[PDB]
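Taking it in order: structure first as structure tokens, then the write-up.
Protein chains: 2
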Amino acid sequence: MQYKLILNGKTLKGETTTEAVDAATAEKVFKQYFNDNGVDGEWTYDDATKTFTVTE
Amino acid sequence: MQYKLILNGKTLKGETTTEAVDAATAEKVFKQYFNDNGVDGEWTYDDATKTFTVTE
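Spelled out as structure tokens, the structure:
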């Protein structure tokens, strides 16, 4: 299944997309790129659209 | 000035944006977020659109 990530920050902003077995594997992939580069933000998720949102 | 990044690959795809002093600082921010993440892709830049592109 396709999953999506929305990135909200002050140093950087963006949007990304991946395919994983489930929402926790896509959450694990998105956390590999987006945990401690500088963002260190608050996570949110909407299952009805398979989308994650990360906010500084 | 605003700079941009485009990500092409097999584990993640996407687009991101930053505001930096020069193309070298925008390249440094984008290389801090996109250092490896198992992509390890080829890097390209077009100055006429202030945009960087990364491909597997």
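Those protein sequences? They're chains A and B, same order as listed.
35 is the number that the authors' numbering gives to position 35 of the first sequence; each next residue is one higher, with no gaps.
41 is the number that the authors' numbering gives to position 41 of the second sequence; each next residue is one higher, with no gaps.
Ideal Cβ placement from N, Cα and C applies to all residues, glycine included.
Which residues bound the beta strand (DSSP E) around residue i?
| i | result |
| --- | --- |
| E19(A) | 13-19 |
| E42(A) | 42-46 |
| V54(B) | 51-55 |
| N37(A) | Element bounds for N37(A): n/a, residue is neither H nor E. |
| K10(A) | Run containing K10(A): none; DSSP gives neither H nor E here. |
Kindly indicate the opening and closing residues of the alpha helix (DSSP H) around residue i.
| i | result |
| --- | --- |
| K31(A) | 23-33 |
Within 8 Å (strictly less), CB to CB, does residue i reach chain A?
| i | result |
| --- | --- |
| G41(B) | no |
| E15(B) | yes |
| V54(B) | no |
| residue 85(B) | An answer regarding residue 85(B) cannot be provided, because it is not within the stretch 1 to 56 covered by chain B. |
| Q32(B) | yes |
Establish whether the CB of residue i and some CB of chain B are separated by less than 8 Å.
| i | result |
| --- | --- |
| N8(A) | no |
If I'm right that residue i touches residue j with Cβ under 8 Å, what's the distance once you round it to whole angstroms?
| i | j | result |
| --- | --- | --- |
| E42(A) | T25(A) | With a Cβ gap of about 21 Å, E42(A) and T25(A) do not count as contacting. |
| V39(B) | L12(B) | 7 Å |
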